[PDB]
Amino acid sequence: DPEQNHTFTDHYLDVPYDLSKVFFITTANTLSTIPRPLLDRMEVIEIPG
Amino acid sequence: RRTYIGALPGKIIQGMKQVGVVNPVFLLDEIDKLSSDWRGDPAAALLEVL
Numbered sequence: 449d450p451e452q453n454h455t456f457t458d459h460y461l462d463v464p465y466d467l468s469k470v471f472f473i474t475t476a477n478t479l480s481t482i483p484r485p486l487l488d489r490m491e492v493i494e495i496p497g
Numbered sequence: 399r400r401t402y403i404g405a406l407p408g409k410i411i412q413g414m415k416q417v418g419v420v421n422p423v424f425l426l427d428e429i430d431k432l433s434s435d436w437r438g439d440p441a442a443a444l445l446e447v448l
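As given, the protein sequences belong to chains E and D, one line each in that order.
For the first sequence, position 20 (counting from the first letter as 1) is numbered 468 according to the deposited numbering, and the numbering increases by one without interruption.
For the second sequence, position 49 (counting from the first letter as 1) is numbered 447 according to the deposited numbering, and the numbering increases by one without interruption.
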């Protein structure tokens with residue numbers, strides 16, 4: 449989440465991280481068993497067969 | 399508790415840790431995705447939160 453990317457407290461390390469420069473790509477196989485706040489914030493690109 | 403090595407004071411007081419002032423706003427997002435499915439019911443702790 450970009451509210452928590454800019455303030456990422458990994459609670460082992462307990463330090464804030466700025467993950468805005470860190471460029472994730474989520475990738476998956478179906479739209480069902482992605483969790484729901486990992487879907488609407490997420491930019492669906494939809495590679496077909 | 400103290401004793402558990404997953405030593406969490408929820409995510410409420412994690413929020414007060416990164417906020418640091420006694421009157422913030424909290425967004426408890428998606429309250430209706432709280433079910434009782436053998437992991438405990440955290441909505442019964444939200445009964446204390448609200």
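Built from N, CA and C at the ideal position, the CB exists for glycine as well.
{"Item": "Is there a Cβ from chain D that is less than 8 Å from the Cβ of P485 (chain E)?", "Value": "yes"}
{"Item": "To the nearest angstrom, how far is it from the Cα of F456 (chain E) to the Cα of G413 (chain D)?", "Value": "12 Å"}
{"Item": "To the nearest angstrom, how far is it from the Cα of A443 (chain D) to the Cα of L487 (chain E)?", "Value": "27 Å"}
{"Item": "In the structure shown, what three-state DSSP assignment does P464 (chain E) receive?", "Value": "strand"}
{"Item": "Which residue comes first and which comes last in the alpha helix (DSSP H) that contains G413 (chain D)?", "Value": "410-417"}
{"Item": "Starting from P450 (chain E), follow the alpha helix (DSSP H) in both directions and report where the run begins and ends.", "Value": "450-453"}
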